[PDB]
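S.K.: got a sequence here, can you build the structure:
(chains A, B, C and D)
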Amino acid sequence: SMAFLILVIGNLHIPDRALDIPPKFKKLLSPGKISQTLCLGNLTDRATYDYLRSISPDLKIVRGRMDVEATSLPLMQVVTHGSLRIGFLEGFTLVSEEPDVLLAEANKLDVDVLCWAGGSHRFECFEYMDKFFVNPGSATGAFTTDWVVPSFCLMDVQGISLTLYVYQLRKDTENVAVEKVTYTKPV
Amino acid sequence: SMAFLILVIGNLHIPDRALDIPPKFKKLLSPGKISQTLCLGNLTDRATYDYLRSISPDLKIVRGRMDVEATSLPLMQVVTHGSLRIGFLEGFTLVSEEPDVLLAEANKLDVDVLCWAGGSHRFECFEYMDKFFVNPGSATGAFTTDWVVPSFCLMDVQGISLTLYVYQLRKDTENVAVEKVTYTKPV
Amino acid sequence: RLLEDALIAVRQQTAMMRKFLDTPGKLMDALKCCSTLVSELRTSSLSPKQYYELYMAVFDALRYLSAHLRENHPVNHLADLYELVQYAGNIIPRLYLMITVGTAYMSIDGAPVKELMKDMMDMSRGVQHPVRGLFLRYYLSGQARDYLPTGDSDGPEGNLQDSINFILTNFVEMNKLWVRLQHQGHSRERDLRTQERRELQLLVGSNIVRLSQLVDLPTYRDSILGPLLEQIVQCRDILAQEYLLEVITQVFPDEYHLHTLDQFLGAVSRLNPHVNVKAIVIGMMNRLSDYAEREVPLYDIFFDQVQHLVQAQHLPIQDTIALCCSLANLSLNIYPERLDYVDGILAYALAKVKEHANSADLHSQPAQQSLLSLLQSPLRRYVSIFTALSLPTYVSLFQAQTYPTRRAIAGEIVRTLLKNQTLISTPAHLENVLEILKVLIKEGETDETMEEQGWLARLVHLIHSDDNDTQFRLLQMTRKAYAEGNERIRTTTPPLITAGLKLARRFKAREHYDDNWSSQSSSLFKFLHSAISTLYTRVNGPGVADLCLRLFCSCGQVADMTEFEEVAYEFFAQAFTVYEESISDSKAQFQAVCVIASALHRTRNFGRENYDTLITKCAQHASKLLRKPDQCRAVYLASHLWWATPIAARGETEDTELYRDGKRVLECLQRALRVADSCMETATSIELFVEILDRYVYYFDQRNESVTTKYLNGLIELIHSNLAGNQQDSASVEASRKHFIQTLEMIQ
Amino acid sequence: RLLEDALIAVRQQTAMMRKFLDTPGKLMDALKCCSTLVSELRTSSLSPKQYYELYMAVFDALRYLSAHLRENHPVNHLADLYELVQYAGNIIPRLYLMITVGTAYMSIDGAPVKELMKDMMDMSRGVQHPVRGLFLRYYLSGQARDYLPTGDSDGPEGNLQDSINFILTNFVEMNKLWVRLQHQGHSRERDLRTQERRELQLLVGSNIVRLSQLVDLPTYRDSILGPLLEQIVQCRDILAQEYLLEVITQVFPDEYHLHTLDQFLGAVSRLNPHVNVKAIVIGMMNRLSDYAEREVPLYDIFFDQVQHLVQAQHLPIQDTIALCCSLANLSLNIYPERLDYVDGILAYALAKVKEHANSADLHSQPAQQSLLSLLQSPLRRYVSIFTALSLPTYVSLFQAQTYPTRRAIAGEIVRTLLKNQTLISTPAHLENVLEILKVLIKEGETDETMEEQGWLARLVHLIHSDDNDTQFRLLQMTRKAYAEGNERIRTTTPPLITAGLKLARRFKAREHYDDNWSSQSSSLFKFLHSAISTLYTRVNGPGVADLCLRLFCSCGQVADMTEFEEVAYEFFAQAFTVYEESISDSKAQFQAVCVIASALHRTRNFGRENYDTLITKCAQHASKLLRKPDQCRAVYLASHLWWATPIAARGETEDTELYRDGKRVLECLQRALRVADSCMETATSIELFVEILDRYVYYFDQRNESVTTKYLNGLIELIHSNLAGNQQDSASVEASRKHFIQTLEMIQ
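M.R.: Numbering: from 1, shown residues only, chains lettered A, B, ... in the order given. See the structure here:
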């Protein structure tokens, strides 16, 4: 639709670890571009929250794994555009992943697109069981000794279709690299 | 002493397990007979309060274990008649029914006679550790926690001596039965 | 004054008359003076009371003269005296003298009785003044009302019929005079005239009294009431109809009236619309009410005819209701239990009352007051008020009572249903009582002060009257009926919890006669969970925690006894949930958690794996409160969670045998000591250490080997070092010393 | 009235003068009309503006006269005309005529110009009335403007001295008159007089402009400023001093001033404090500052003179600080940067100001406002304030600020230090920064990152700039700089934790450079434990538990990564200890146990004695939670302690495999089944059973021999029996059906 851009980002630690996303990314997330932002919490500061509501006319916030106090928020949220029900998460609430846990979770939620950013926070994606599974990686690039290029994603849902734009700040000099991905729900 | 008759009653459980004085007992306890009433709780309402007030010209009550909404009343009370000191409580501000614990509480309160109405809802009395222990049974006939004799007492203090009269509605059929018990304080 | 001047003249005339009566041959002089005296009664200027007083004074003097004559004839005679008294110049004296001599002749002369009596009555028709002729007829009545030509005649002149004729003719003349009283004097003194007539009503009714010493029922029918009814209906006045009909009814026998009831009702139909028919009809119905309360389908005949009469009128609604109340009084008193008659009152009055009631508000209306008295009449007259509940539409008409008064009447009835230690309420009676309850509870300081303590106790008692499983179904429907909001169930449901406590046992007393009794217990415990969850809607209240806490402990015990322990554990976990949401006042949590301790201190069906786990939970939440005294008190009580204590340690899981987990008990007591050292107040710290030492004495004497004499030695040394060495002396410090001395005495 | 009437008369006289000027030999008549016109100037009732305007009209007529004379001499002459014109009766016309004829003589014959100027200059000693003499001397200056004998002469006899004498003498006489304007007239017109002086100041300054279009720099030094300074220092007037000095500065070039700087500064030293020297000095000093910012030992001389002025000038404290601000701006323009000067500014200017600031209390006082502007002035003028930070004594001014302003300024600086990235700081400058931070933190919505939270994050960032050995020292000195208390370190230390996690790896990334990497890790782990234990002290807040748990777990992972696991196990046991001692809320416990599970799901390298011990403790902790739903959730997750999932299930025997203790996993699943049976809910229990069956399919495929397809099949029949036959329909029940259909699809 391009009227409803969804920002997908993670690994916040602001200022808990770092200062900002790339300036070029801040302008790519500047107000007037995104219609709704789905953030995964654990900010931890208020200025970034104010920035985030101001980025899009629709700010949606979910419960975070560092957000032990604001438990009232759900860990997942659905919005509907045409025929799609959309779930998203970070993933630590799972204990394995491989095929049965994703299928079981999809069945519990009955969704079509699933987003997560597990503690490894490294990009991958796959389609499975007529449902869609998305890992944006470590968007802000937070580090850990697990087995990241500054990045974020934009999503555009229309009907049974989802359009994903992945933005990366790649190294040779730091260069912004953009990729587009589209998803359409199978029947 | 005791030209000032003191009514001793317990395990009333109004409306908890039983609701009223036996009619023959209310008439034995009718106003103009009792000068002071020591009630062992579970009245619980203002109506029961005013009636009990009407029974005797000087009503002294302590907090009850289910009398949790009546924040104004004291939790425990001691009275002295001649050379005898008499303390009373329900047992909820007491901690258990162990002999040493009762003796220790009696020693802090400087009392010789203790009235209580535990879950047995059975009249009994015994002397132990030079002190006097009185359970009036259930003045209302409240059911027991054990595997039924309605009873109350009319304690009589004279000097260093206490005479206890227990009135019971005993079964052969409801019959009013009176028993006398005497307690004399150690020197 | 006029009265007094006349009374002076009367006493003067009585004085010379008596001096003449003394002297033989002065009798004629006594009569001349008597005529001069009676001339005073010829005045018409006296007030009614004054004329009455003058008549009475002259009457008593006339009685002296009349006795003198009634003695003179019995002893010699006086010739032609009946003729001689007709010589008198003044007509009122003359006629009084003829009556006096007539009665003297009647005493002396039996043969002339009919002719002389008939003559005196006919010639007394000459009196052209109503009042003077009426008073004259009293002189006649005192003289000769007792001598009439009657059954006392045995064959000569006179018979009971002649006396009946004499009195009926006297009635007609007195009635013509009685109406004529209405028309004498000026028209604007009508109320004064009616007052005078009310004064003179006894004059008419003395004849009725004389009639009631007379002939029987067929003679009553043909020759008294028949005549009396034509006159009663055609006289067309109000004071006479009401007075004369009530006097007839009391004075004549009602056995006679019964044989003539229909004649009475056909007379009641024969009256003016403009006479005070409402008063006569209300008074007749009230008399029939008396015919009912002094404890031929009279009901149907009188009932239906009374409706025709009311339709024949257009009545005030209040008057109609007062007649309905008297109709109720008649049916209730005549038919306390003929439910078909009572229902005919219920049916054949009430809807018609609603159409006749131009139903604006009617609370302060006496029609309302009467409708209450009417409804009370079943209630008062019932041996069994249940019989009111047997009327299908007795209760349903209470809906159609006006509504403030629906509260007043429904409250008063239900209270009366409670002062009587009343009987089984069957489902049918449960439904009618519940409908009454819905009116009380619906639509929703209690300016009612109703209702509940004797109300719940009575309700719980009578619930038991129906069979116990049904009682659960009834309790469940009542539980839906308790949709009234947040300030009822707190005081109403815990008694229902006890009703379930008895029913769970009633199931267990069939544990070898049923095995779904356990399943029935399962249904009741699911009910308990649902009803408690219903209370959790009522977050606004205190003790919401306390009551639930005691209910869960009670239910845990019942779950043990019903072996239905699976829903006990859940209830206890939910009780912990209650522990978390219920933190609002610091002191209140300390007392409540102590209550939690004591309930656990009886809580005995948890398997030890569950119990000790619970014990640790209790100890942690205890160890997460605010202040060190309370923290100490809870810690020393968690020592009692593992030892040969509490009531829990005499368990249905402990088989009365005690835990005695003395190693853990020692660890708890040592932790209590660790908290106790950090009181940072010398006196209270030492007092508590003495109490803890006493707890050590407790476990030593309970044979807790982990509680060693070395711990006692180190604690007594620390108490000795502090007690004297750094305590500022105080009443508490002295008590702590006395306690320590006692504790040394116990340790020997 | 008078001014316009006079102007009319002036126009009449100009008409008659010019009509005479047309005729040669009417020149004397033209002069008579010109004198009659200038007679209008004999009124003194005109305002300064009105008298000036009349002067302008007479001046304009004089322009006609002066051109006429400068034409008469070119055509014939009139002998002795300069003398002959001195016969005029009116003195002001006569002297204006003297100037006019004089200039005509200078135009006609250049040889007497020098001689004529001495005569004309001498005769200007007459008119000492300030207004009239000033206007006359203005006429003289305009007429005699172009004829001066000098090195710039016109060809008359005369050297640079004759013009210097003419202009200096003309300056002194007009300045004497101009000051006399202050005095002339009457005493209540002082403001009018000051107005007159401001009006006539151009007359005085035209001489200075004329001097600058005259003699050069050595002549300026010897024979211009000397006279000018003598007048400036000797007037003790205020209006003349500001005007005359600014005119000197502007009109003569600064190349000239530079040759006279010491003469200027010797004038700068005598400034009389009650003379409005402050305004003159601020405008001159500001000009020199501006001179500096157009960007002879002036710094030393002027610095010293400023001290002499301050000893002379003692001004209200705000005024003194504002002068200090301008002095700071001057120093900024002069010398912010060469370090000996920067220190001399700090001590002998800035310290001297602080000692001289005998200040009343001032944080909101404008003296503070100026002191802030003053201190900001180094900061603004430091384009590279880093070079300001190359003072060790950079902080030293913070010593001299009051605490409110030390905190306010340090905040503003640190904020500016956040709008910028501050450089890689050397170990030493980190301490200086720390002292600044200590001033910020001590004594004391922090959306400014108040006081340094995003600043702490940057600091942790900058730690990375140096290498591991320097980093260890920096981290230890910063950790000392973390003596700050319980309400601060919560938000500041976890970034230090990350600084240590990177430094521990930076030590490990030296295992082939120093095998003390284990020892380096050991020192860092003791340092970190000491800092976390510091946190443990400060239990007063939420997350104090959370944060300590996360840091201890994190250190456990670093110990894993470094294989420095010996200090890992202690930290994990201590974390369990934290769980037991400090965590209460059941829901909070659920989150904590899930994070603990996930952290184990990152636990790999422990020796099996430690590892397996942790696995069993963890299984116990799983078996020690609170709620039955939760009891199930923990039990199915403890299957993962044994199963072929997750990292926690790696034993050092499994060879990269996860325990796959499918026997134990089955025992766990049976425990989950026993917990499921005692849940007392149908839909979620069945849903959970389906999830467990899917987990069974998982364990079948992950090779649980104890998980068999027959068990799955029997469970699907039990699910089939439950799904339809006892599930009350709900979104969950449909999901459970969909899940069961999926699970059947999985079993194929």
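S.K.: can you give me the domain boundaries for chain C?
M.R.: Here the domain assignment for chain C is C:1-114, C:624-747, based on automatic domain parsing.
S.K.: compare those domains and give me the one nearest chain D.
M.R.: Ranking these by their distance to chain D (criterion: C-beta to the nearest C-beta) puts domain C:624-747 first, at 5.1 Å. For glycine as for every other residue, the C-beta is placed from the backbone atoms N, C-alpha and C.
S.K.: measure that closest one end to end?
M.R.: For domain C:624-747, the first and last residues are 34 Å from each other (C-alpha to C-alpha, to the nearest Å).
S.K.: ramachandran coordinates for residue A:168?
M.R.: Residue A:168 has phi and psi values of phi -130, psi 140 when expressed as degrees, to the nearest 10.
S.K.: now do the contacts for it.
M.R.: Applying C-beta atoms under 8 Å, 6 or more residues apart in numbering or on different chains, we find residue A:168 in contact with A:149-151, A:176-179.
S.K.: ok, for residue C:668, nearest residue in space, not its chain neighbours?
M.R.: Spatially, and ignoring its direct neighbours in sequence, residue C:668 is nearest to residue C:639 (4.1 Å; C-beta to C-beta, 6 or more residues apart in numbering or on different chains).
S.K.: list the contacts of the one you found.
M.R.: Taking C-beta under 8 Å, 6+ apart as the contact definition, residue C:639 lies against C:665, C:668-669, C:672, C:695, C:699.
S.K.: might you report the residue contacts of the residue in chain A that chain C sits nearest to?
M.R.: With C-beta to the nearest C-beta as the measure, the residue in chain A that lies nearest chain C is residue A:71; the distance is 14.3 Å. Counting by C-beta under 8 Å, 6+ apart, residue A:71 makes contact with A:63, D:587, D:591.
S.K.: host element of the residue nearest to the first one when sequence neighbours are not counted?
M.R.: Here the nearest residue to residue A:63 in space, its sequence neighbours aside, is residue A:73; by C-beta to C-beta, 6+ apart that works out to 4.1 Å. Element membership for residue A:73, per DSSP states H and E: none, as it lies in no helix or strand.
S.K.: so how many other residues sit close to residue A:73?
M.R.: Around residue A:73 there are 14 other residues, counting by other C-beta atoms under 10 Å in any protein chain shown.
S.K.: so what's whichever residue of chain C sits closest to chain A up against?
M.R.: Of all residues in chain C, residue C:580 sits closest to chain A, at 14.3 Å by C-beta to the nearest C-beta. Residue C:580 makes contact with D:585-586 under the criterion C-beta under 8 Å, 6+ apart.
S.K.: can you check residue C:742 too?
M.R.: Counting by C-beta under 8 Å, 6+ apart, residue C:742 makes contact with B:103-104, B:107.
S.K.: measure it to residue C:734 for me?
M.R.: 13 Å (C-beta to C-beta, to the nearest Å).
S.K.: now do residue A:94
M.R.: As judged by C-beta to C-beta, residue A:94 and residue C:734 stand 67 Å apart.
S.K.: go on, residue A:106?
M.R.: Taken as C-beta to C-beta, the spacing of residue A:106 relative to residue C:734 amounts to 75 Å.
S.K.: out of the two, which sits in the busier spot?
M.R.: residue A:106 (22 against 12).
S.K.: for residue A:130, see how far away that one is.
M.R.: Distance, residue A:106 to residue A:130, using C-beta to C-beta: 9 Å.
S.K.: please apply the same query to residue C:685.
M.R.: Shown here: residue C:685 relative to residue A:130, a distance of 71 Å by C-beta to C-beta.
S.K.: tell me which of these two has more neighbours.
M.R.: Counted by other C-beta under 10 Å, residue C:685 and residue A:130 do not tie: residue C:685 has more neighbours, with 21 against 10.
S.K.: and the helix or strand that one falls within, C-alpha only, in CSV?
M.R.: Here residue C:685, judged by DSSP H and E, is contained in helix C:682-701. Output of helix C:682-701 as CSV, limited to C-alpha atoms (Å, rounded to 0.1, in the frame of the first residue of the first chain):
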residue,chain,number,x,y,z
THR,C,682,17.2,-2.4,74.9
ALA,C,683,14.0,-3.1,76.8
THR,C,684,11.9,-4.5,74.1
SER,C,685,14.8,-6.5,72.6
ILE,C,686,15.5,-8.1,75.9
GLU,C,687,11.8,-8.8,76.6
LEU,C,688,11.5,-10.5,73.2
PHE,C,689,14.7,-12.4,73.8
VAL,C,690,13.2,-13.7,77.1
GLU,C,691,10.1,-14.7,75.2
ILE,C,692,12.3,-16.4,72.6
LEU,C,693,14.2,-18.1,75.5
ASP,C,694,10.9,-19.3,76.7
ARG,C,695,10.3,-20.7,73.2
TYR,C,696,13.7,-22.4,73.7
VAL,C,697,12.3,-23.8,77.0
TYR,C,698,9.3,-24.9,75.0
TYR,C,699,11.4,-26.9,72.6
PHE,C,700,13.7,-28.2,75.2
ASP,C,701,10.8,-29.6,77.2
